[PDB]
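We begin with a single chain expressed as structure tokens, specifically the form deposited in one PDB entry.
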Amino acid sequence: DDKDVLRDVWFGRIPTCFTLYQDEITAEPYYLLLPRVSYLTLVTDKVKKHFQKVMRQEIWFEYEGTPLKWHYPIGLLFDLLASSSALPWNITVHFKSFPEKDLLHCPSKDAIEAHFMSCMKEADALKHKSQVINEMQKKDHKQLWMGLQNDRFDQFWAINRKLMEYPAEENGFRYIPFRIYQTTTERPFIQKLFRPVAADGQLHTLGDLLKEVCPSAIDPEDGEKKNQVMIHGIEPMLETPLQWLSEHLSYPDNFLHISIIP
């Protein structure tokens, strides 16, 4: 079963309609099928072109009075801001009056690559004391990045499989690379130190994690869900193995990014 779970994480998509704030204020759109596990800037040289003609005269994106961050993965952004919203996704395009106060300057392509490898490294740190990624010659890092950028699933996982192995003697990873985003995008994410297995050898379940680090998402009466707990657009069962979750439904940056919605 597992390999298909991985393929269907990798290829999850978001239908998206870019329209211009100045066409809306004055609405011909650009339709695209955004990869859920990529980042805006990575696939917005194209958008820059399409509307570059009309750019007679520094481009950012927005959604219902909310700038969209260049370094959160697309899928997480959708899940967190607009899961219940009707499709296709309506992203406003603004190339004037950049929100420096409420937005990071648009990263280059290399600056994103920086963030991506930096996240992969912060992940292998918590997973294997950095012993796995460090070993890798620079070319392997580049293979990871180019496999993401070019949607080459096979290429990318050829290298990532090593990063999802763990010692025989252990029942999983050291800690789990995870981030939890709550009410809004401007709300900080949550990251903590959690072990895949407890003292008694029991494998930890997502339910255990949310009970520990985020109990406000647990009905204190029946121990079941109080809010929506979304990952890659679905809601797994609170009794799902966190070790397995990390191995199979992390974003390519090896994190379990987890949206929480009331």
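Definition used throughout: the rigid core is the maximal C-alpha set that superposes within 1.5 Å between two forms. We number the residues from 1 along the sequence you see.
Beyond the structure shown, there is the form deposited in another entry, which is absent from this document and is the topic of what follows.
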### Query
Of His105, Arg152, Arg161, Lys142, which one's CA moves 2 Å or more between this form and the one not shown, core aligned?
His105
### Flag for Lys192, CA shift 2 Å or larger between this form and the one not shown after aligning core
no
### Message
Quick one: with a 3 Å or larger change, is the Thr184 to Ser38 CA distance smaller or larger in the other entry? Answer closer or farther.
### Response
farther
### Message
Closer or farther: the C-alpha atoms of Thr184 and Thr92 in the other entry, versus the form shown, with a change of 3 angstroms or more?
### Response
farther
